[PDB]
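Enquirer: Sequence, then structure. It's an experimental one.
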Amino acid sequence: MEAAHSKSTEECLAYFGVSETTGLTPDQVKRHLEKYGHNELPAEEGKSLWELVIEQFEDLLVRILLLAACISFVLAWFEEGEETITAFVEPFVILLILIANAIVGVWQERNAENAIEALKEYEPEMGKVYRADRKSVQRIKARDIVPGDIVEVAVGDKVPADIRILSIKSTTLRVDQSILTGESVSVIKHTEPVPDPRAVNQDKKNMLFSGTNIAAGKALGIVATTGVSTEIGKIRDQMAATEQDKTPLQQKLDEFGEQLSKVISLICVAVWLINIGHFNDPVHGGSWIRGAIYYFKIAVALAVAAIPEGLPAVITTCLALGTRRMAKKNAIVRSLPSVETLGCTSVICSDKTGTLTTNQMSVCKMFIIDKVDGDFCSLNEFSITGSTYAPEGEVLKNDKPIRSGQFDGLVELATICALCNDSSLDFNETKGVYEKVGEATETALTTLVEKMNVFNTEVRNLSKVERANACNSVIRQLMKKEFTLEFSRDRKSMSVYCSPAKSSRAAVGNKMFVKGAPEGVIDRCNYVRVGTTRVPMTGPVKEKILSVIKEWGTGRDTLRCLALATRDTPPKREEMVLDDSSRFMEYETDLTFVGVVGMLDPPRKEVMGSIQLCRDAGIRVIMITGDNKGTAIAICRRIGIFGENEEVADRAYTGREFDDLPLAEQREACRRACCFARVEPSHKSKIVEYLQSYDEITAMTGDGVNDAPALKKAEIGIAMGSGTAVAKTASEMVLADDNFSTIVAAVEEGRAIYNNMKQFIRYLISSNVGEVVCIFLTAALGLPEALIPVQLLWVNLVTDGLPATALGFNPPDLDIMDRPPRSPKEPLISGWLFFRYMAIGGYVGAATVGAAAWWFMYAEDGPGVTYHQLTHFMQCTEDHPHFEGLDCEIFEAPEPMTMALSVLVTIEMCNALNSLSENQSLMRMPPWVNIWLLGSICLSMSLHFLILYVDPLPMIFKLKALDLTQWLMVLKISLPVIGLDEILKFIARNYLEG
Ligand SMILES: Nc1ncnc2c1ncn2[C@@H]1O[C@H](COP(=O)(O)OP(=O)(O)CP(=O)(O)O)[C@@H](O)[C@H]1O
Ligand SMILES: [Ca+2]
Ligand SMILES: [Ca+2]
Ligand SMILES: [K+]
Ligand SMILES: [Mg+2]
């Protein structure tokens, strides 16, 4: 606990009784846990109230059905309806479908959150501390840190606790504290006290708050507070939903439902108007009110029928399902749209190092100069074993293990690698492995120096912990690191200003030790070191050095190379201004070349494959990297971005070549080129922007801060689980796995969610069109009513519920990942599909009117009215416009009506079977591809039998139908709806477009 940011660095150390560079003792840490608990928010708990989710009524169309059930509860309250109790059933025929879909939605959402909360909590967050039990910095669980220990944070890292800054190891320290202060741009920090105890967080310029991200620099501090006492800890419970509105496709379908509410409203008022000339009819006694209310009920019931009441849930559901399936592949979704958006991505831009490659770095080759004589230059090359970060392996020259100390060129080589380096190693005792602290490229240098052991230090009798940094520490005692010119991606190098260590001889020379991209560094060299000697840089020397770099970077190991140099005579510190990072390059001039290291960095296994799948899916993959163009092109080949022997001259570019191009040509280069190299963070962003200017959906994958701008800019930003917190922050998805395959999977899922939404709509429209075609084809062709209000509400409950929602669990189409991506501004509803909605809607409306007719006309138990309907309904009371006045009322017989209600239910459950796939046949895509659908169909048919044969029920709805031969007819008329779509799918297949 520390109340103050207003106390000085010394006072904070004194308060906790801690040595700045050693950190807490094991006993101190024991005390501090007990007194302060673990560094974590207990919270964890309660996302959405069981109730909250229940309240996914509130939606567009569900509220309509809600109101629709009110009028039924009020019309029932006034003793009637028409038949007394049949009016209290109505309200519950409407609630039921709503409650059914609500249950499925709530369930899928709960499962989703669970799955996601499982994935998020899986891998433990880590921190870096100095603690007394170890000399070099170590990694602990962030949960285990307490007030008082010395913590190290660097560019990329998330600040793990509230920290009072002790020492800034770079020339500046920039922090992204948006999450806490709203402050959109990163802010500078210092170590001077801030007097005001009153002061607001933005004035705490010497503190780092848990949960923020370091944007630039490296610092050291002491933890003031942890857990709930955290500045961000205090404020969690509170905020008016920094939570959000719905996804593009959701807003699209919402909009589509909105204008469907128009067309249905109209057709409904039209039913009420096309009739109520049947107002005064003998059915309701002829009152000038009763018939108006009845046909008003026909309207309302027809409305609840036509309205896709489950559209709002099926999407909410397919989303939560897509998340839950991503989480099962170890993808964290931070933003709902990600899966759909990736659905129609045509270009995936990808970082190389850490993303396309493992970022498990290993120096396996190096060289220094051997001889220089006229235009003859020779190199002493060396190999190094050990691929892991473990200080175990040998230096070989001509296949024999050597003692690196033998070569003075290697002594300095190792010196630079050790001093010019902000990273280190730490031995994990539990896992039993040497793990990096900081950047891989640097940690590889660390492990290299432990293998070169150039001053012959005695390391065999050390613990695995101590062995991890021992030779590096030896070097650190040789020289005092006065300060460092932090790496920057414009100069592509890093610097360190050093003086000899005991101060014994206080002017034998300060030095700067430099490492960087070979091309930039070699150009700023005027001397080449030869052993302990120095000679001018010349053309032939430079050419030698560079050709071996070309060799290593392009050969079969594809080595990531770095050059190491020293500045023999540095400027005086007083001539050096540390304020403007843009002067660092001049300070790193007049250098002496020492050597080069070549690093192994294997491509991930799953990549080559993932890329093929992209090609097939019509998705372009582009490598984007700071690294050399040689090594990047070679890797692209090894990955399949380029073939092993393609001319790549105009489809690979450096930042410099790309900048040399006119804007028009830059944009065009982005369309053909698949490899961009030696490129800065601003270029990564610009390439993504260019792609987006062809109105394409662009994804960016990465891991470092050099990728955040591009990650923010792309439609979907995907961060590696192994990468930086700042990459993760700027992302919409995170691959905790680091598994690149998942990106392709997520593409397929987003594609499939789309397709599922389609079939759901196709099913409902084409079916609910038939339901309306029916009422209108009777009232116009001049027939008796086929259905009643409650009978309309029944087909709704039983055709528009679970059999529809179930389509959302359709399996992916067979070719879903073999067509190009969809354009995002494509007509939701295709012109050809609208015709298919009608061709199906027509057969359904005609098969149901033609069914009630067959009962009257060609049916043995029916009266034999024979063709021409006998021409009217007029008959009324006893024997009228005497046209075979044989049978009186048969109209109002339940028989014709419950015939139609059964063709309607049966036939709707039939074209649901064609809604498994847009254009695939039931022959290639059987009904059992979706079981969830089949079970829902049974529940419907089953519910529909129950209503027919459980005696109290048939009264409330209206009398049954002869099992044996009536059903044979319903099933004879309904079944062909399958055969029709199947010829219609044949059309859209063996002729094609889309
Ligand atoms: N800590 C460091 N010190 C000195 N030079 C470094 C360095 N890290 C990287 N470099 C050099 O700077 C170049 C540019 O780095 P940058 O971060 O832009 O690309 P990168 O190759 O490091 C990663 P990516 O492939 O993910 O773009 C590297 O290719 C390497 O030559
Ligand atoms: Ca409906
Ligand atoms: Ca329906
Ligand atoms: K983005
Ligand atoms: Mg990277």
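Expert: Looks like it came in fine. Numbers count the residues shown, from 1 in each chain. Ligands and ions are numbered 1, 2, ... in the order given.
Enquirer: how about the residue in the chain positioned nearest to ligand 4, what does it touch?
Expert: Distances between the chain and ligand 4 by CB to the ion are smallest at residue 717, namely 3.8 Å. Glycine gets a C-beta too; all of them are placed from N, C-alpha and C. With contact set as CB atoms under 8 Å, 6 or more residues apart in numbering, residue 717 has these partners: 699-700, 702, 710-711, 730-733.
Enquirer: Could you tell me whether it really is in a strand?
Expert: Yes. Counting by DSSP: H, G, I helix; E, B strand; the rest coil, residue 717 is found in a strand.
Enquirer: coming back round to it: which ones among the contacts of residue 717 map onto helices?
Expert: 710-711 (DSSP state H).
Enquirer: Which of the contacts of residue 717 has the largest number of neighbours?
Expert: residue 700 (34 neighbours; other CB atoms under 10 Å).
Enquirer: Wait, that residue touches residue 713, no?
Expert: Yes. Counting by CB atoms under 8 Å, residue 700 does reach residue 713; the two are 7.1 Å apart.
Enquirer: Spell out which residues are contacts of both of the two.
Expert: residue 688.
Enquirer: what's the spacing between the residue in the stretch 151-300 of the chain positioned nearest to ligand 2 and residue 306?
Expert: Nearest residue of the stretch 151-300 of the chain to ligand 2, counting by CB to the ion: residue 264, 9.5 Å away. From residue 264 across to residue 306, the span is 5 Å (CB to CB, to the nearest Å).
Enquirer: residues from this structure in reach of ligand 2?
Expert: 307, 796, 800 (CB under 5 Å from the ion).
Enquirer: burial of the first one, as a residue count?
Expert: A count of nearby residues for residue 307, using other CB under 10 Å, gives 24.
Enquirer: next one: phi and psi at residue 332?
Expert: For residue 332, the backbone dihedrals (degrees, to the nearest 10) come out as phi -90, psi 120.
Enquirer: surely it meets residue 737?
Expert: No. Contact between residue 332 and residue 737 fails when scored by CB under 8 Å: they sit 9.9 Å apart.
Enquirer: who has more neighbours, these two?
Expert: Using other CB under 10 Å, the more surrounded residue of residue 332 and residue 737 is residue 332, with 22 against 18.
Enquirer: how far away is that one from residue 748?
Expert: 18 Å.
Enquirer: for residue 571, what are its contacts?
Expert: residue 587.
Enquirer: what about it, is that helix, strand or coil?
Expert: Quick answer, by three-state DSSP: residue 571 is coil.
Enquirer: tell me, which helix in the protein spans the most residues?
Expert: The chain, longest helix under DSSP H: helix 741-781.
Enquirer: quick one: that one to chain centroid distance?
Expert: Centroid separation between helix 741-781 and its chain, computed with CA atoms, centre = their mean, to the nearest Å, is 26 Å.
Enquirer: again with stretch 777-784
Expert: On CA atoms, centre = their mean, the centre of stretch 777-784 falls 54 Å from that of its chain.
Enquirer: Tell me the buried residues in that stretch?
Expert: By neighbour count with 16 or more other CB atoms under 10 Å, stretch 777-784 contains the buried residues 777-779, 783-784.
Enquirer: One more: stretch 389-400?
Expert: 389-391, 393, 395.
Enquirer: What of stretch 193-213?
Expert: 193-194, 204-213.
Enquirer: out of those, which touch ligand 4?
Expert: Among the buried residues of stretch 193-213, ligand 4 is touched by none when using CB under 5 Å from the ion.
Enquirer: between residue 264 and residue 306, which one's more packed in?
Expert: More crowded of residue 264 and residue 306, by other CB under 10 Å: residue 306, with 25 against 22.
Enquirer: ok, now how distant is that one from residue 343?
Expert: 29 Å.
Enquirer: ok, now residue 545?
Expert: On the measure of CB to CB, residue 545 and residue 343 end up 49 Å apart.
Enquirer: ok, the residue in the chain positioned nearest to ligand 2 - contacts?
Expert: As assessed by CB to the ion, ligand 2 sits closest to residue 800 within the chain, at 3.8 Å. Residue 800 is in contact with 97, 305, 308-310, 764, 768, counting by CB under 8 Å, 6+ apart.
Enquirer: could you redo the last one with a cut-off of 10 Å?
Expert: 97, 101, 304-311, 763-764, 767-768, 771, 908 (CB atoms under 10 Å, 6 or more residues apart in numbering).
Enquirer: And residue 614, by the same measure?
Expert: 345-348, 620-621, 640-641, 743-744, 747, 817.
Enquirer: and what of residue 723?
Expert: Here residue 723 is in contact with 156, 351, 354-355, 359, 701-705, 707, 731, 734-735, 738 (CB under 10 Å, 6+ apart).
Enquirer: any idea how far it is from ligand 1?
Expert: 9 Å (CB to the nearest ligand atom, to the nearest Å).
Enquirer: again with residue 421
Expert: For residue 421 relative to ligand 1 (CB to the nearest ligand atom), the value is 8 Å.
Enquirer: Quick check: the two most widely separated of the contacts of residue 717?
Expert: The span of these, defined through CB to CB, is set by 710 and 733 at 14.3 Å.
Enquirer: Which stretches in the stretch 201-350 of the chain count as helices?
Expert: 248-274, 290-306, 311-328, 338-343 (DSSP state H, counting those that start in this stretch).
Enquirer: got the end-to-end distance for stretch 151-166?
Expert: 10 Å (CA to CA, to the nearest Å).
Enquirer: for stretch 338-352, same thing?
Expert: 22 Å.
Enquirer: Stretch 723-737 now?
Expert: Terminal-residue distance, stretch 723-737 (CA to CA): 11 Å.
Enquirer: right, is that stretch up against ligand 4?
Expert: No. Using CB under 5 Å from the ion, stretch 723-737 stays clear of ligand 4, with a minimum separation of 5.6 Å.
Enquirer: anything in that stretch near ligand 5?
Expert: No. Stretch 723-737 does not reach ligand 5 (CB under 5 Å from the ion); its nearest approach is 6.9 Å.
Enquirer: centre of the chain versus that stretch, how much separation?
Expert: Between the centre of stretch 723-737 and the centre of its chain there are 9 Å (CA atoms, centre = their mean).
Enquirer: Any idea which residue of the stretch 301-450 of the chain lies closest to ligand 3?
Expert: residue 305 (6.1 Å).
Enquirer: What separation do you get for that residue and residue 853?
Expert: From residue 305 to residue 853 the distance is 21 Å (CB to CB).
Enquirer: give the contact list for the residue most central in space within the chain.
Expert: Taking CA atoms, centre = their mean, the centroid of the chain lies closest to residue 733, which sits 2.8 Å from it. Residue 733 makes contacts with 326, 331-335, 338-339, 341-342, 699, 701, 716-719, 742-743, 746, as judged by CB under 10 Å, 6+ apart.
Enquirer: Compute the number of surrounding residues for the closest residue to ligand 1 within the stretch 101-250 of the chain.
Expert: Closest residue of the stretch 101-250 of the chain to ligand 1, CB to the nearest ligand atom: residue 155 (10.0 Å). Residue 155 has 22 neighbours, counted by other CB under 10 Å.
Enquirer: show me the contacts for it.
Expert: So residue 155 contacts 170, 173-174, 213-218, 422, 438-439, 486-487, 704-705, 724, 726 (CB under 10 Å, 6+ apart).
Enquirer: So which of the residues you listed are in strands?
Expert: 174, 213-216, 218, 486-487 (DSSP state E).
Enquirer: quick check, nearest of the residues you listed to residue 374?
Expert: Nearest to residue 374 among the ones in strands among the contacts of residue 155: residue 487, at 36.5 Å, using CB to CB.
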